[PDB]
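S.K.: Contents of data_21.txt (compact mmCIF, C-alpha atoms and all ligand atoms) are below:
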```txt
# COMPACT_ATOMS: atom_id res chain seq x y z
CA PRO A 1 4.26 -17.76 4.68
CA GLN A 2 4.95 -15.07 7.26
CA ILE A 3 6.43 -11.98 5.59
CA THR A 4 8.28 -9.29 7.53
CA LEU A 5 8.53 -5.71 6.32
CA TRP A 6 12.18 -4.69 6.55
CA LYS A 7 12.18 -5.30 2.77
CA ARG A 8 9.42 -4.67 0.21
CA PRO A 9 6.97 -7.62 0.21
CA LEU A 10 7.60 -8.52 -3.44
CA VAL A 11 6.41 -11.94 -4.55
CA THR A 12 6.35 -13.89 -7.78
CA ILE A 13 2.92 -14.18 -9.40
CA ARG A 14 1.77 -16.32 -12.32
CA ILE A 15 -0.72 -14.77 -14.72
CA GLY A 16 -1.37 -16.09 -18.24
CA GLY A 17 1.61 -18.45 -17.83
CA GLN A 18 3.92 -15.48 -17.30
CA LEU A 19 5.89 -14.91 -14.12
CA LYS A 20 6.01 -11.37 -12.74
CA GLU A 21 7.08 -9.76 -9.50
CA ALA A 22 4.38 -7.85 -7.64
CA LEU A 23 4.11 -5.96 -4.38
CA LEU A 24 1.74 -7.09 -1.64
CA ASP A 25 0.04 -3.79 -0.99
CA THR A 26 -2.45 -3.57 1.88
CA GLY A 27 -2.94 0.16 1.13
CA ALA A 28 -4.36 -0.72 -2.30
CA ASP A 29 -8.07 -1.54 -2.72
CA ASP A 30 -7.43 -2.94 -6.17
CA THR A 31 -4.85 -5.03 -7.98
CA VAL A 32 -3.02 -2.96 -10.61
CA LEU A 33 -0.47 -4.34 -13.07
CA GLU A 34 1.88 -2.53 -15.44
CA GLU A 35 1.06 -2.53 -19.16
CA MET A 36 0.51 -6.06 -20.45
CA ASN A 37 -1.78 -8.04 -22.76
CA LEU A 38 -4.59 -10.07 -21.23
CA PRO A 39 -7.30 -11.94 -23.13
CA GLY A 40 -10.97 -11.04 -23.24
CA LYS A 41 -13.20 -8.05 -22.80
CA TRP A 42 -12.12 -5.18 -20.60
CA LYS A 43 -13.78 -1.97 -19.49
CA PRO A 44 -12.21 1.50 -19.25
CA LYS A 45 -11.91 2.59 -15.62
CA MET A 46 -10.24 5.41 -13.70
CA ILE A 47 -8.55 5.04 -10.33
CA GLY A 48 -6.82 7.40 -7.91
CA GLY A 49 -3.55 7.18 -6.01
CA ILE A 50 -1.27 9.51 -4.12
CA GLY A 51 -0.44 11.53 -7.25
CA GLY A 52 -3.87 11.78 -8.87
CA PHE A 53 -5.96 9.71 -11.24
CA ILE A 54 -5.02 7.40 -14.09
CA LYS A 55 -6.87 5.47 -16.77
CA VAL A 56 -6.74 1.68 -16.55
CA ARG A 57 -8.26 -1.33 -18.31
CA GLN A 58 -10.43 -3.53 -16.07
CA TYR A 59 -10.30 -7.30 -16.61
CA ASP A 60 -12.65 -9.45 -14.51
CA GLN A 61 -12.28 -13.04 -13.28
CA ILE A 62 -8.59 -13.35 -14.10
CA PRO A 63 -6.68 -16.22 -12.45
CA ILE A 64 -3.47 -15.24 -10.65
CA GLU A 65 -1.37 -17.56 -8.53
CA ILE A 66 0.26 -15.44 -5.84
CA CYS A 67 3.14 -17.11 -4.08
CA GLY A 68 1.51 -20.50 -4.79
CA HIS A 69 -1.98 -19.38 -3.68
CA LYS A 70 -4.76 -19.22 -6.26
CA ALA A 71 -6.94 -16.17 -6.84
CA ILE A 72 -9.52 -15.36 -9.53
CA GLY A 73 -10.64 -11.75 -9.62
CA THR A 74 -10.38 -8.28 -11.05
CA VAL A 75 -7.05 -7.09 -12.47
CA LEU A 76 -6.54 -3.48 -13.52
CA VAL A 77 -3.90 -2.78 -16.17
CA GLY A 78 -2.29 0.63 -16.54
CA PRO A 79 0.46 3.11 -15.64
CA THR A 80 1.02 2.02 -12.05
CA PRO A 81 4.64 2.60 -10.95
CA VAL A 82 4.91 -1.08 -9.94
CA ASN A 83 2.77 -4.22 -10.09
CA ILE A 84 0.65 -4.23 -6.93
CA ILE A 85 -1.57 -6.88 -5.42
CA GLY A 86 -4.43 -5.12 -3.63
CA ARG A 87 -6.99 -6.17 -1.05
CA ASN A 88 -9.38 -7.65 -3.63
CA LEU A 89 -6.92 -10.53 -4.17
CA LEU A 90 -5.14 -10.40 -0.79
CA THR A 91 -8.45 -11.44 0.83
CA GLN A 92 -8.78 -14.36 -1.61
CA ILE A 93 -5.40 -15.82 -0.61
CA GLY A 94 -6.18 -15.43 3.11
CA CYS A 95 -3.69 -12.61 3.75
CA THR A 96 -3.88 -10.73 7.06
CA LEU A 97 -1.83 -8.18 8.93
CA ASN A 98 -0.53 -9.31 12.31
CA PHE A 99 1.41 -7.63 15.09
CA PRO B 1 -3.88 -8.45 16.78
CA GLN B 2 -4.89 -9.79 13.38
CA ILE B 3 -6.40 -7.37 10.82
CA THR B 4 -8.25 -8.89 7.86
CA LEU B 5 -8.36 -7.02 4.59
CA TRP B 6 -12.08 -7.12 3.76
CA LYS B 7 -11.92 -3.40 4.50
CA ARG B 8 -9.15 -0.82 4.50
CA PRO B 9 -6.69 -1.46 7.37
CA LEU B 10 -7.34 1.86 9.10
CA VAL B 11 -6.11 2.30 12.64
CA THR B 12 -5.87 5.13 15.12
CA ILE B 13 -2.45 6.79 15.36
CA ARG B 14 -1.27 9.60 17.60
CA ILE B 15 1.26 12.24 16.77
CA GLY B 16 1.39 14.90 19.48
CA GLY B 17 -2.08 16.29 20.18
CA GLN B 18 -3.47 14.89 16.95
CA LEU B 19 -5.20 11.55 16.66
CA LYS B 20 -5.69 10.44 13.10
CA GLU B 21 -6.86 7.39 11.21
CA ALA B 22 -4.13 5.86 9.05
CA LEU B 23 -3.66 2.88 6.73
CA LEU B 24 -1.31 0.10 7.72
CA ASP B 25 0.30 0.02 4.29
CA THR B 26 2.77 -2.69 3.29
CA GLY B 27 3.04 -1.06 -0.15
CA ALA B 28 4.47 2.17 1.29
CA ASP B 29 8.24 2.33 1.94
CA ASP B 30 7.76 5.46 4.04
CA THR B 31 5.10 6.96 6.30
CA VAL B 32 3.10 9.79 4.70
CA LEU B 33 0.77 11.97 6.74
CA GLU B 34 -1.78 14.57 5.76
CA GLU B 35 -0.72 18.19 6.01
CA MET B 36 0.16 19.19 9.57
CA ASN B 37 2.47 21.86 11.00
CA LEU B 38 4.96 19.74 12.98
CA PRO B 39 7.80 21.42 14.86
CA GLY B 40 11.46 21.10 13.93
CA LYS B 41 13.74 20.73 10.94
CA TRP B 42 12.64 19.10 7.70
CA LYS B 43 13.86 18.49 4.14
CA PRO B 44 11.84 18.65 0.92
CA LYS B 45 11.26 15.48 -1.06
CA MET B 46 9.14 14.13 -3.91
CA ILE B 47 7.40 10.74 -3.69
CA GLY B 48 5.62 8.94 -6.46
CA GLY B 49 2.68 6.61 -6.76
CA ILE B 50 -0.38 6.07 -8.91
CA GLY B 51 -1.06 9.36 -10.70
CA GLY B 52 2.42 10.87 -10.29
CA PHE B 53 4.40 12.63 -7.59
CA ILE B 54 3.58 14.89 -4.68
CA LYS B 55 5.87 17.15 -2.74
CA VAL B 56 6.36 16.35 0.92
CA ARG B 57 8.35 17.54 3.92
CA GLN B 58 10.55 14.93 5.58
CA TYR B 59 10.72 15.12 9.40
CA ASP B 60 13.01 12.75 11.28
CA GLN B 61 12.72 11.05 14.67
CA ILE B 62 9.04 11.84 15.20
CA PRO B 63 7.37 9.71 17.87
CA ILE B 64 4.08 8.15 16.73
CA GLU B 65 1.84 5.76 18.72
CA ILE B 66 0.05 3.16 16.57
CA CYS B 67 -2.68 1.13 18.36
CA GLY B 68 -0.82 1.61 21.65
CA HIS B 69 2.51 0.50 20.14
CA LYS B 70 5.35 3.03 20.34
CA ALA B 71 7.22 3.99 17.20
CA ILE B 72 9.69 6.69 16.26
CA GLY B 73 11.08 7.56 12.85
CA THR B 74 10.80 9.51 9.64
CA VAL B 75 7.42 10.95 8.66
CA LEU B 76 6.67 12.57 5.31
CA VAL B 77 4.12 15.37 5.45
CA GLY B 78 2.20 16.61 2.45
CA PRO B 79 -1.00 16.67 0.41
CA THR B 80 -1.78 12.96 0.56
CA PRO B 81 -5.49 12.03 0.47
CA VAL B 82 -4.96 9.42 3.22
CA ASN B 83 -2.64 9.01 6.21
CA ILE B 84 -0.25 6.13 5.38
CA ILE B 85 1.77 4.10 7.90
CA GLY B 86 4.65 2.69 5.88
CA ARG B 87 7.17 -0.08 6.40
CA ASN B 88 9.64 2.13 8.27
CA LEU B 89 7.18 2.12 11.22
CA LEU B 90 5.28 -1.13 10.56
CA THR B 91 8.43 -3.10 11.43
CA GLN B 92 8.80 -1.15 14.68
CA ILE B 93 5.36 -2.25 15.93
CA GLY B 94 6.03 -5.85 14.88
CA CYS B 95 3.72 -5.98 11.87
CA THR B 96 3.87 -8.90 9.43
CA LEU B 97 1.84 -10.23 6.49
CA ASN B 98 0.60 -13.78 6.88
CA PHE B 99 -1.19 -16.28 4.65
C1 LIG A 101 -8.67 4.06 -2.70
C2 LIG A 101 -7.43 4.42 -3.48
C3 LIG A 101 -6.42 3.29 -3.55
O1 LIG A 101 -6.58 2.22 -2.97
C4 LIG A 101 -5.20 3.58 -4.41
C5 LIG A 101 -4.07 2.56 -4.28
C6 LIG A 101 -2.80 3.25 -3.85
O2 LIG A 101 -2.26 4.01 -4.63
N1 LIG A 101 -2.39 2.96 -2.61
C7 LIG A 101 -1.22 3.54 -1.97
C8 LIG A 101 -1.67 4.13 -0.64
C9 LIG A 101 -2.78 5.13 -0.89
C10 LIG A 101 -4.09 4.84 -0.49
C11 LIG A 101 -5.11 5.75 -0.74
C12 LIG A 101 -4.85 6.95 -1.38
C13 LIG A 101 -3.55 7.24 -1.78
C14 LIG A 101 -2.52 6.33 -1.54
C15 LIG A 101 -0.12 2.49 -1.86
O3 LIG A 101 -0.46 1.49 -0.88
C16 LIG A 101 1.25 3.09 -1.52
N2 LIG A 101 1.73 3.88 -2.68
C17 LIG A 101 2.91 3.27 -3.34
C18 LIG A 101 2.49 2.12 -4.25
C19 LIG A 101 1.52 2.55 -5.35
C20 LIG A 101 3.73 1.42 -4.82
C21 LIG A 101 4.60 2.31 -5.67
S1 LIG A 101 1.98 5.44 -2.32
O4 LIG A 101 1.95 6.15 -3.57
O5 LIG A 101 0.92 5.92 -1.48
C22 LIG A 101 3.41 5.65 -1.59
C23 LIG A 101 4.55 5.89 -2.35
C24 LIG A 101 5.80 6.05 -1.75
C25 LIG A 101 5.92 5.97 -0.36
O6 LIG A 101 7.12 6.11 0.30
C26 LIG A 101 8.36 6.49 -0.32
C27 LIG A 101 4.78 5.73 0.40
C28 LIG A 101 3.53 5.56 -0.21
```
Since I need it in another form, could you write the structure as structure tokens?

M.R.:
Amino acid sequence: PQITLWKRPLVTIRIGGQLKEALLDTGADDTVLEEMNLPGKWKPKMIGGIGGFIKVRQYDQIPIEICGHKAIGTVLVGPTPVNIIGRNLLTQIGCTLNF
Amino acid sequence: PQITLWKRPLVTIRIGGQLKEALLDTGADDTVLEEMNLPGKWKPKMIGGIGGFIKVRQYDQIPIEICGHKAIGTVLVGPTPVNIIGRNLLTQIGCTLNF
């Protein structure tokens, strides 16, 4: 799809058979989801945003279907204010900025 | 133009006699610029992201040129680590997400 920006670019994602809304976030290097359970090993990681640094759990090679497009990559889980899809997965689904 | 997201979507912006590099950020409702002493009236505000909130100064009707495209609108000024071009201005320069 083509998505304009007069509204937040929120989309439905499917992860672990659960549907969630997430924000397509070109200003984010990484994909960060609010607290949730995911299977498998994770690693403690810290990441920084506008307000400072937080602790997250890093899960690798996680399938997410974003607006019908398949990705498999790294998903960080922690106290993000909103679910965000970052460039690591935006590139997988072929997402570009155009003007 | 089309900007892929293999790397951060940094572009050159101009605000008065200051050229800066800024992120085209679909995850940002508003435009947030690094500390700079702009002329005119402003109002204090707090904006939140990963890590918590920062305090900013809201200036209205500031002209900004983004890759040669003219824009004018609200800019938030404060201790952000990166200059952020948010949706309020992305729409003005005709910026969409596509995949
Ligand atoms: C390398 C570090 C990152 O990639 C961190 C991801 C991130 O927080 N991204 C921000 C933009 C940003 C980029 C670098 C450093 C600091 C911030 C994100 O794209 C926009 N943020 C809002 C997200 C998290 C959704 C809530 S923001 O905090 O910067 C923000 C918040 C409010 C706002 O307007 C009201 C504008 C921008």

S.K.: Report the closest atom pair, with its distance in Å rounded to one decimal, for each residue of chain A that has an atom no farther than 9 Å from chain B; count only C-alpha atoms, sort by chain and then rising residue number, and write it as a Markdown table.

M.R.:
```
| residue | atom | partner | partner_atom | distance |
| --- | --- | --- | --- | --- |
| A:1 | CA | B:99 | CA | 5.6 |
| A:2 | CA | B:98 | CA | 4.6 |
| A:3 | CA | B:97 | CA | 5.0 |
| A:4 | CA | B:96 | CA | 4.8 |
| A:5 | CA | B:91 | CA | 5.7 |
| A:6 | CA | B:91 | CA | 6.4 |
| A:7 | CA | B:87 | CA | 8.1 |
| A:8 | CA | B:29 | CA | 7.3 |
| A:9 | CA | B:26 | CA | 7.2 |
| A:23 | CA | B:27 | CA | 6.6 |
| A:24 | CA | B:27 | CA | 6.3 |
| A:25 | CA | B:27 | CA | 4.1 |
| A:26 | CA | B:25 | CA | 5.1 |
| A:27 | CA | B:25 | CA | 4.5 |
| A:28 | CA | B:27 | CA | 7.7 |
| A:29 | CA | B:8 | CA | 7.3 |
| A:47 | CA | B:50 | CA | 8.4 |
| A:48 | CA | B:50 | CA | 6.7 |
| A:49 | CA | B:50 | CA | 4.4 |
| A:50 | CA | B:49 | CA | 5.6 |
| A:51 | CA | B:51 | CA | 4.1 |
| A:52 | CA | B:51 | CA | 4.1 |
| A:53 | CA | B:51 | CA | 4.9 |
| A:54 | CA | B:51 | CA | 5.6 |
| A:69 | CA | B:99 | CA | 8.9 |
| A:79 | CA | B:50 | CA | 7.4 |
| A:80 | CA | B:50 | CA | 5.3 |
| A:81 | CA | B:49 | CA | 6.1 |
| A:82 | CA | B:49 | CA | 8.6 |
| A:84 | CA | B:27 | CA | 7.9 |
| A:87 | CA | B:5 | CA | 5.9 |
| A:88 | CA | B:6 | CA | 7.9 |
| A:90 | CA | B:5 | CA | 7.1 |
| A:91 | CA | B:5 | CA | 5.8 |
| A:93 | CA | B:99 | CA | 6.8 |
| A:94 | CA | B:99 | CA | 5.3 |
| A:95 | CA | B:99 | CA | 4.5 |
| A:96 | CA | B:4 | CA | 4.8 |
| A:97 | CA | B:97 | CA | 4.9 |
| A:98 | CA | B:2 | CA | 4.5 |
| A:99 | CA | B:95 | CA | 4.3 |
```

S.K.: Least-squares fit on all C-alpha atoms, paired in order: put chain A onto chain B and return it as a compact mmCIF listing (two decimals) with C-alpha atoms, in the coordinates of the input.

M.R.:
```txt
# COMPACT_ATOMS: atom_id res chain seq x y z
CA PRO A 1 -3.83 -7.56 17.01
CA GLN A 2 -4.66 -9.67 13.97
CA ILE A 3 -6.26 -7.51 11.26
CA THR A 4 -8.24 -8.99 8.38
CA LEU A 5 -8.64 -7.22 5.05
CA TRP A 6 -12.33 -7.27 4.17
CA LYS A 7 -12.27 -3.64 5.38
CA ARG A 8 -9.52 -1.02 5.05
CA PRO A 9 -6.94 -1.50 7.85
CA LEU A 10 -7.50 1.96 9.36
CA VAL A 11 -6.15 2.50 12.86
CA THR A 12 -5.98 5.37 15.30
CA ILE A 13 -2.52 6.92 15.69
CA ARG A 14 -1.25 9.45 18.22
CA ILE A 15 1.19 12.06 16.97
CA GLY A 16 1.93 15.32 18.81
CA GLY A 17 -0.95 14.54 21.21
CA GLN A 18 -3.39 14.50 18.29
CA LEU A 19 -5.41 11.46 17.31
CA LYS A 20 -5.70 10.67 13.60
CA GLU A 21 -6.87 7.74 11.54
CA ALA A 22 -4.27 6.21 9.23
CA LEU A 23 -4.11 3.29 6.83
CA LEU A 24 -1.72 0.40 7.40
CA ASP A 25 -0.17 0.29 3.96
CA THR A 26 2.28 -2.51 3.17
CA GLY A 27 2.61 -1.17 -0.40
CA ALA A 28 4.10 2.07 0.95
CA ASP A 29 7.85 2.35 1.67
CA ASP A 30 7.30 5.52 3.63
CA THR A 31 4.83 6.98 6.10
CA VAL A 32 2.94 9.91 4.56
CA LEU A 33 0.47 12.12 6.43
CA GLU A 34 -1.93 14.76 5.14
CA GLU A 35 -1.08 18.43 5.70
CA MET A 36 -0.37 19.13 9.37
CA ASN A 37 2.03 21.08 11.59
CA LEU A 38 4.91 19.24 13.22
CA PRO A 39 7.72 20.81 15.25
CA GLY A 40 11.34 21.05 14.22
CA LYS A 41 13.44 21.10 11.10
CA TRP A 42 12.22 19.39 7.96
CA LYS A 43 13.72 18.81 4.55
CA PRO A 44 12.00 19.14 1.16
CA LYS A 45 11.62 15.74 -0.49
CA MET A 46 9.82 14.30 -3.51
CA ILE A 47 8.11 10.92 -3.61
CA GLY A 48 6.26 8.91 -6.25
CA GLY A 49 2.99 7.01 -6.20
CA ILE A 50 0.59 5.53 -8.70
CA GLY A 51 -0.30 8.94 -10.15
CA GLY A 52 3.13 10.58 -10.29
CA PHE A 53 5.33 12.58 -7.96
CA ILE A 54 4.52 15.02 -5.18
CA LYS A 55 6.47 17.35 -2.92
CA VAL A 56 6.51 16.52 0.78
CA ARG A 57 8.17 17.76 3.97
CA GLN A 58 10.41 15.19 5.68
CA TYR A 59 10.45 15.12 9.49
CA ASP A 60 12.87 12.69 11.17
CA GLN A 61 12.65 10.90 14.52
CA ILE A 62 8.98 11.66 15.12
CA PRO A 63 7.18 9.58 17.77
CA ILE A 64 3.92 7.96 16.66
CA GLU A 65 1.90 5.50 18.70
CA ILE A 66 0.16 3.19 16.24
CA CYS A 67 -2.66 1.19 17.73
CA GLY A 68 -0.88 1.34 21.12
CA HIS A 69 2.55 0.42 19.68
CA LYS A 70 5.34 2.99 19.82
CA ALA A 71 7.39 4.05 16.81
CA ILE A 72 9.96 6.83 16.33
CA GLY A 73 10.92 7.50 12.73
CA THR A 74 10.52 9.47 9.55
CA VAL A 75 7.16 11.07 8.76
CA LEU A 76 6.50 12.69 5.39
CA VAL A 77 3.86 15.43 5.25
CA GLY A 78 2.11 16.35 2.01
CA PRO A 79 -0.76 15.86 -0.45
CA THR A 80 -1.30 12.15 0.07
CA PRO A 81 -4.95 11.16 -0.52
CA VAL A 82 -5.07 9.57 2.95
CA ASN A 83 -2.80 9.21 5.98
CA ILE A 84 -0.71 6.08 5.38
CA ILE A 85 1.61 4.16 7.66
CA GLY A 86 4.38 2.67 5.50
CA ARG A 87 6.95 -0.05 6.01
CA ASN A 88 9.43 2.25 7.78
CA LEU A 89 7.10 2.32 10.82
CA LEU A 90 5.29 -0.99 10.22
CA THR A 91 8.62 -2.76 10.84
CA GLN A 92 9.10 -0.82 14.10
CA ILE A 93 5.78 -2.04 15.52
CA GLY A 94 6.51 -5.65 14.50
CA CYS A 95 3.89 -5.82 11.73
CA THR A 96 3.97 -8.78 9.33
CA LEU A 97 1.80 -10.21 6.61
CA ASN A 98 0.52 -13.73 7.23
CA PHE A 99 -1.52 -16.20 5.21
```

S.K.: So that all listed atoms of ligand LIG 101 (chain A) fit with 3 Å spare on each side, what axis-aligned box centre and edge lengths in Å, to one decimal, would you give as JSON?

M.R.:
```
{"center_x": -0.2, "center_y": 4.3, "center_z": -2.6, "size_x": 23.0, "size_y": 11.8, "size_z": 12.1}
```

S.K.: Between A:66, A:73, A:15, A:83, which one has atoms that come closest to ligand LIG 101 (chain A), using all atoms listed in the file?

M.R.: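 Closest residue, counting all atoms listed in the file: A:83.
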
S.K.: Using only C-alpha atoms, which residues sit within 12 Å of residue B:61 once same-chain residues fewer than 3 positions away are excluded, as a ChimeraX atom specification?

M.R.: /B:15,38-42,58,64,71-76,88-89

S.K.: Find, counting only C-alpha atoms and all ligand atoms, the residue in A:30, A:19, A:68, A:43 that gets nearest to ligand LIG 101 (chain A).

M.R.: A:30

S.K.: Do you have the atom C27 of ligand LIG 101 (chain A)-atom CA of residue B:45 distance handy?

M.R.: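 Computing the Euclidean distance for atom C27 of ligand LIG 101 (chain A) and atom CA of residue B:45 yields 11.8 Å.
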
S.K.: Rounded to one decimal in Å, what is the spacing between atom CA of residue A:34 and atom CA of residue A:78?

M.R.: 5.3 Å

S.K.: Which residue gives the smallest distance to ligand LIG 101 (chain A) among A:62, A:67, A:11, A:33, with only C-alpha atoms and all ligand atoms counted?

M.R.: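 Checking each of A:62, A:67, A:11, A:33 against ligand LIG 101 (chain A), counting only C-alpha atoms and all ligand atoms, the winner is A:33.
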
S.K.: From the set B:44, B:13, B:31, B:77, which residue has the shortest atom-to-atom contact distance to residue B:65, counting only C-alpha atoms?

M.R.: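 Among the listed residues, the smallest separation from residue B:65 belongs to B:13.
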
S.K.: Please, what distance in Å, to one decimal, runs between atom CA of residue A:18 and atom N2 of ligand LIG 101 (chain A)?

M.R.: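 Computed distance, atom CA of residue A:18 to atom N2 of ligand LIG 101 (chain A), equals 24.4 Å.
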
S.K.: Under the rule that only C-alpha atoms and all ligand atoms are counted, which of A:35, A:12, A:20, A:46 is the nearest residue to ligand LIG 101 (chain A)?

M.R.: A:46
